[PDB]
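For reference, the structure discussed in these notes is given below.
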């Protein structure tokens, strides 16, 4: 869900009011899993190279495997946005126009 | 936006009658024309003032001048 | 003087203090209207 990290490094969820007043950008972050493999073969001239699996780095079992890749803007009232499930009193306390 | 105090055309005053006009509509379950004529609104300009009023003051009132979003 | 944006708490801030609310910790602060009413002439 959309959120912002200030210059102090503190992280707080970003809401449209703060983006409007403070000149921010309504957006969220994208996380992608990455896996790496290393293959080594003996280069014998005149013969095809036969590589074998030696090292495979895959951090799927830890939260460090999610590589941060960038930030994507979010359109209002879409599935991800907080406004999607807000009732009338929710919109008023957050001060939306119904 | 609260009801205009005076009529823009014939100078009459309609501001005070809004509260009593709203009463006749649901407590007495009358129609709009007879309710409008029950309060001495006879020129159709006064009927225009009362009949076509959008009361927007009850929406701003559930709200604060601080933190609207977009 | 100033005022908070969520709870409208009454705060006073110097020229060096951080622009934050003490109770809610928000970063949006509003001023306060001139307490002494001042008469004017529209010209």
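Chain C residue numbers are taken from Swiss-Prot; in order, the displayed residues are 28-70.
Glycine is no exception: its Cβ is also placed from the backbone N, Cα and C atoms.
Annotated in Swiss-Prot:
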BINDING   C:31, C:34, C:48, C:51  Zn(2+) binding site
ZN_FING   C:31-51  zinc finger
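According to DSSP, residue C:31 (Zn(2+) binding site) sits within a strand segment.
Taking the mean position of the Cβ atoms of C:31, C:34, C:48, C:51 as the Zn(2+) site, the remaining same-chain residues with a Cβ inside 8 Å of that point are C:32, C:33, C:35, C:36, C:49, C:50, C:52, C:53.
Cβ packing within 10 Å was compared across the binding-site residues C:31, C:34, C:48, and the lowest neighbour count falls to C:34.
The Cβ of residue C:51 (Zn(2+) binding site) has 13 other Cβ atoms within 10 Å, all protein chains considered.
According to DSSP, residue C:48 (Zn(2+) binding site) sits in a coil region rather than a helix or strand.
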